[PDB]
Amino acid sequence: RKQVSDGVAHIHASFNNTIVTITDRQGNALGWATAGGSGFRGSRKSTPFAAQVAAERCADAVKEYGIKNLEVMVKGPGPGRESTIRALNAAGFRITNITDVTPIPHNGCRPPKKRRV
Amino acid sequence: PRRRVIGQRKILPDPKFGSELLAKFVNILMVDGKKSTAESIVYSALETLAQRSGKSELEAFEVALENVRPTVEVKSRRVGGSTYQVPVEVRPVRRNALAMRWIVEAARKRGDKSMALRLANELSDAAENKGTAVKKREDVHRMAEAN
Amino acid sequence: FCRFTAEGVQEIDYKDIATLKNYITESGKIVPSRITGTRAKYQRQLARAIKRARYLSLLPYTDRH
RNA sequence: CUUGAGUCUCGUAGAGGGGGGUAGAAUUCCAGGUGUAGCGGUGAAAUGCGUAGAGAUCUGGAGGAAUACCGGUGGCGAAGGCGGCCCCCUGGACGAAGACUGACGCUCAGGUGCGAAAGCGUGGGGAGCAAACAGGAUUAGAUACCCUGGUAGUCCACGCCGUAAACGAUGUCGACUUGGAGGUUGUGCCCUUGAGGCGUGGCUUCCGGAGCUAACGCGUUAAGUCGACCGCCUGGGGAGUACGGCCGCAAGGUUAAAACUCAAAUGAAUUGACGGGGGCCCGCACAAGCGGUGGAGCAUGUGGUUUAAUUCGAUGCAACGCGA
Ligand SMILES: [Mg+2]
Ligand SMILES: [Mg+2]
Ligand SMILES: [Mg+2]
Ligand SMILES: [Mg+2]
Ligand SMILES: [Mg+2]
Ligand SMILES: [Mg+2]
Ligand SMILES: [Mg+2]
Ligand SMILES: [Mg+2]
Ligand SMILES: [Mg+2]
Ligand SMILES: [Mg+2]
Ligand SMILES: [Mg+2]
Ligand SMILES: [Mg+2]
Ligand SMILES: [Mg+2]
Ligand SMILES: [Mg+2]
Ligand SMILES: [Mg+2]
Ligand SMILES: [Mg+2]
Ligand SMILES: [Mg+2]
Ligand SMILES: [Mg+2]
Ligand SMILES: [Mg+2]
Ligand SMILES: [Mg+2]
Ligand SMILES: [Mg+2]
Ligand SMILES: [Mg+2]
Ligand SMILES: [Mg+2]
Ligand SMILES: [Mg+2]
Ligand SMILES: [Mg+2]
Ligand SMILES: [Mg+2]
Ligand SMILES: [Mg+2]
Ligand SMILES: [Mg+2]
Ligand SMILES: [Mg+2]
Ligand SMILES: [Mg+2]
Ligand SMILES: [Mg+2]
Ligand SMILES: [Mg+2]
Ligand SMILES: [Mg+2]
Ligand SMILES: [Mg+2]
């Protein structure tokens, strides 16, 4: 509907998936698309190329609002997340700044026991 | 040459013209140590080259060379865990050798009812950019960029 | 490096925010002594003062606010 | 009598203990807002979650548990242990200079107390985590293993339990005996003091001398040289088991044998193996080249089969135009 021209992006980046969604200074989301929302499955859905295609299919899915700049909320060390942020950089968005918003608890909760081999 | 790479016998120049590049060419064309047979065909081909394709036979030699002598090739080396087709540019002697090899192999791939005619026609087409040696310079320049 | 001993303050109070923000990363985290060379006693005093300031919202806990 | 041991005055440091507040991250849930078909998981999926609108994102709320950075084998404590901040109550240590008591000391069977975690009782609370259990991946069978769930428990109160590789595998106290480097905490004096330089304590880490030790190693914080007292050991297994006593709600703890059986068991260090580990450097090993073999005919050797017999030996490289 309307115009922003400088939005904010959020790449929730797990080791098993990578979801990217944008909003505009308000949290009211505009367009979302997942690496898994593009036919990929298994390890395929966890590749920086999947990040490329998810970046693309969000940019085009929101281009109706025609944004021109971006903040990016990179969160979680998903494999190769510079990939999607520069994919969006090339997608016609002057990225303003990047922000590691990886939530860090101050010893708040006991983590689950990790993999054993 | 694990310890030290050793150089090559600096071959002795052509008796008919004192040039050493034609000497290396006749060594390349030679088969089974039959040097006399080889130099006969080489002289026969350069003489008719000096006629059917203008003068300056010794100059027409490099007129064909510079037309076939490559610049880049591929040297598949596994510096990353697998044989990677990395391209490399050559020194002058490497491209000289590859040029002469490509000339002689194409000449042998012609028939032409004589090896004199074979080499003559092939070297002419190479000098004016026709044939197959020039094509295998084209392919060596093409696959040098494909990876 | 051995700053407060050269100055000789009897106690690094929490109110002097101006002299605190140089012992703090831009993220708000306390910087170790092995980087600033402060003596361990004054490092402890600094930690206590910084935590009190964070409580009074003179300094930030982090930038996420 | 005052040197041991204590008392007083002034201070210093500290996750020492008990109680009560409070803060900010994060997890989960709830509420809506934005906003749709995936999320989540994996070897790959499935179970699961999502059209009742998730997931992602924003705002608000609720609740529990734990306190990133500081943070350091740094500190405190008899040990177990102790980590946001603030207050209240409270223990110990250390230093300076004095004053005071005048052997008031050390050790300790029995005894009394403290004592990680799990566990037990009663009542709470319950976010996360997670024995057991459930389900999915699933074979003569499901257990493996991994996932998705998940109760007890983990938390609080008050009771028990009293055991750990509760370890420095080193009982407590005192005296003495060459050094070097640190950390931490005092304190005296002093250069012009800050910085900085001389001291002088307490604690603590790492080297190493003599000495000691089977050796490894220990080495002023002794495993050195001595003294006081206590605990404990007497081949391995049987066995920290049986019986009995005591203790406990219970689980069990504690005290603690013998028959029998073996000729060893064990400690430290030494030399090699342990290549489906590393690193280095060689060789026509590869690379760069040239000519071949593998296809065809024939020569010859071997295997095979046949034969009356197809003589016998050589069989990965290192047998096969080899003995011949
Ligand atoms: Mg305390
Ligand atoms: Mg919160
Ligand atoms: Mg919602
Ligand atoms: Mg101590
Ligand atoms: Mg007297
Ligand atoms: Mg006793
Ligand atoms: Mg008791
Ligand atoms: Mg417990
Ligand atoms: Mg209970
Ligand atoms: Mg209960
Ligand atoms: Mg779970
Ligand atoms: Mg589990
Ligand atoms: Mg099962
Ligand atoms: Mg298992
Ligand atoms: Mg209790
Ligand atoms: Mg015991
Ligand atoms: Mg312990
Ligand atoms: Mg013991
Ligand atoms: Mg002693
Ligand atoms: Mg000292
Ligand atoms: Mg030593
Ligand atoms: Mg010492
Ligand atoms: Mg001793
Ligand atoms: Mg000994
Ligand atoms: Mg015995
Ligand atoms: Mg027993
Ligand atoms: Mg009994
Ligand atoms: Mg009884
Ligand atoms: Mg060879
Ligand atoms: Mg080769
Ligand atoms: Mg053959
Ligand atoms: Mg034979
Ligand atoms: Mg032979
Ligand atoms: Mg023979």
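Reading guide: rules and limits
- Residues numbered from 1 in each chain as written, not as in the entry; some residues may be left out.
- Chains lettered and ligands numbered in written order.
- Part of a larger assembly, values for the part shown.
- Heavy atoms only, no water.
- UniProt positions renumbered as here; feature names shortened; annotations may be inferred.
- Helix = DSSP H or I, 4+ residues; strand = E, 2+ residues; numbered from the N terminus.
- Rg over C-alpha atoms; globule rule 2.2 N^0.38 Å.
- Areas by Shrake-Rupley, 256 points an atom, 1.4 Å probe, with all protein chains shown as cover.
- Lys, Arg positive; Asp, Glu negative; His and termini not counted.
- Charge placed at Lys NZ, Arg CZ, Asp CG, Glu CD.
- Contact = heavy atoms within 4.5 Å.

As named in the PDB entry, chain C is 30S ribosomal protein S18, taken from Escherichia coli. As recorded in the PDB, the entry bears the title "Complete Bacterial 30S ribosomal subunit assembly complex state I (Consensus Refinement)". The UniProt entry for chain C carries the following comment under Sequence similarities (unreviewed entry): "Belongs to the bacterial ribosomal protein bS18 family."

Taking the PDB entry as the reference, chain A is identified by name as 30S ribosomal protein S11 belonging to Escherichia coli. If you open the UniProt record of chain A and go to Sequence similarities (unreviewed entry), you find "Belongs to the universal ribosomal protein uS11 family."

When you look at the overall build of chain A in this model, what are you seeing that I'm missing?
Along its length, chain A carries two helices and five strands. Reading chain A from its N terminus to its C terminus gives the helix and strand order β-β-β-α-β-α-β. Here chain A has a C-alpha radius of gyration of 15 Å; the compact-globule value for 117 residues is 13 Å, and the two agree. Along the longest, intermediate and shortest principal axes, the C-alpha atoms of chain A span 50 × 35 × 20 Å. Carbon together with sulfur atoms contributes 56% to the accessible area of chain A, which is approximately 7600 Å² in total. Between the mean site of the 18 positive side-chain charges and the mean site of the 8 negative ones, chain A shows a separation of 13 Å.

I would appreciate a short explanation of the environment of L65 of chain B in the present structure.
All names here are of chain B. Among the structural elements, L65 can be located in helix α3 (residues 57-68). Through-space distance from the C-alpha of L65 to that of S44 is 18 Å; in sequence the pair is 21 residues apart. Not counting chain neighbours up to four residues away, the residues in contact with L65 comprise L21, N96, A99, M100 and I103.

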